[PDB]
Amino acid sequence: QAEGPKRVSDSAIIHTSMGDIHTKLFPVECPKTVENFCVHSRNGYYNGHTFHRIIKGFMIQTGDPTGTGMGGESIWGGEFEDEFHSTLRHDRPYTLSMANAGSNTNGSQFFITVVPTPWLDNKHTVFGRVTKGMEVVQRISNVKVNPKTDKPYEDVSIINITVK
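Written out as structure tokens, the structure reads:
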């Protein structure tokens, strides 16, 4: 491999208003995606973000500074490529993936599933998996939301994210 320093890591802890979510990351398979996530995290970019879209029995979504689903961008200043990999699947719960609004439109928003979601394979970049705090993800997924918007009545937020 080429020499030089990197900004990726293979683990992080997302410290939320309802507890800690420990995430293993996949920087070998998804280097751009893990770098984006790690650099935003260390920079404090996700600090105070809400989980603005929560769908019981599906997934919890966050990472938009505006909280609307329309906002956020990559550490490069816009959108970046999908990093699909055949070994990385939404075949188990608590998979960490990029949100996006179409192919190659990754910004800053991401989600964590609470069940297998195989229909998202090769549509959303899988870049991590929860290793501790699965119960936190589950509990977040069960907060009361506005049925029309899937937005929780009481905010659930990221405090900060510690990258190992």
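Counting from 1 along the sequence shown, just add 482 to a position and that's the residue number in the authors' numbering. Built from N, CA and C at the ideal position, the CB exists for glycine as well.
Buried or exposed by the 16-neighbour rule on C-beta atoms within 10 Å, applied to residue i
i: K626; result: exposed
i: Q591; result: buried
i: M552; result: exposed
i: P598; result: exposed
i: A583; result: exposed
DSSP bridge partner residues for residue i (one or two, in chain order)
i: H497; result: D502 and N642
i: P634; result: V627
i: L507; result: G610
i: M580; result: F592
i: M552; result: According to DSSP, which records beta bridges pairwise, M552 is partnered with nothing at all.
i: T544; result: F592
i: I536; result: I542
Whole-angstrom C-beta distance between residue j and residue i, which should lie under 8 Å
i: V596; j: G539; result: 7 Å
i: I557; j: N518; result: 5 Å
i: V638; j: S499; result: 5 Å
Separation of residue j from residue i, as counted between CA atoms
i: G615; j: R574; result: 15 Å
i: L578; j: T644; result: 16 Å
i: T544; j: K646; result: 21 Å
i: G530; j: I594; result: 17 Å
i: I640; j: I503; result: 10 Å
i: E561; j: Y576; result: 24 Å
i: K488; j: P509; result: 10 Å
i: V516; j: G526; result: 15 Å
i: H497; j: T505; result: 11 Å
The ligand ADP heavy atom lying under 8 Å from the CB of residue i
i: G530; result: For the ligand ADP, the structure offers nothing, since it holds no ligand at all.
Option in the options with minimal Cα separation from residue i
i: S493; options: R621, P513, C520 and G486; result: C520
i: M580; options: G559, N604, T569 and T532; result: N604
i: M541; options: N642, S523, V618 and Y635; result: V618
i: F609; options: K514, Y635, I537 and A484; result: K514
i: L602; options: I622, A484, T613 and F566; result: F566
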